[PDB]
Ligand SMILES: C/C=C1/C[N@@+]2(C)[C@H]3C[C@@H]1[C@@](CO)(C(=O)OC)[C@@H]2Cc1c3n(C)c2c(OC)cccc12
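Next up is one chain by itself, shown in structure tokens, the form solved without the named molecule.
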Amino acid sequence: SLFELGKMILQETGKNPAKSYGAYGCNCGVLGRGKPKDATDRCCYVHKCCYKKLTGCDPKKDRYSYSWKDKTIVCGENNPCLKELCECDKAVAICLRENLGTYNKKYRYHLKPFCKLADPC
């Protein structure tokens, strides 16, 4: 769910998830997908494509178990769909941290991002 996701993003990036990634570029946010503006934006693109492969479980609503041992995300969930979901969320959190170096505030928006079409997932 959004609780686990936001938590991972905070844990990995050290950033307020909503403020930094709730409306960034074409893919970070709640306005579907678009052609990635940069590395950070591409993380969010991969994340949303990752959601699309899931079988029946709800990425926004369904909770799942994970651990934070040795400052590392560990998906302990036994439920197969929830496990894949957790790995989806873990992967974007790591990807976003990995790309803080090129993070640019100019890609933030308030209404809608100017985007080209995204390649199909």
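We number the residues from 1 along the sequence you see.
The form solved in complex with the named molecule exists for this protein as well; it is not shown, and the discussion that follows is about that form.
Three or more atoms of the named molecule, overlaid from where it sits in the deposited complex, fall within 2.4 angstroms of backbone or C-beta atoms of the displayed form, which makes the pocket blocked. Residue contact check for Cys121: none of its heavy atoms lie within 4.5 Å of the named molecule in the deposited complex. With a 4.5 Å cutoff on heavy atoms, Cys57 counts as touching the named molecule in the deposited complex.
The named molecule is not shown here, but in the deposited complex it comes within 4.5 Å of a heavy atom of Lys48.
Not displayed here, the named molecule is kept clear of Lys71 by more than 4.5 Å at the level of heavy atoms in the deposited complex. Contact residues in stretch 67-98 (any heavy atom within 4.5 Å of the named molecule, taken in the deposited complex) are limited to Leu85.
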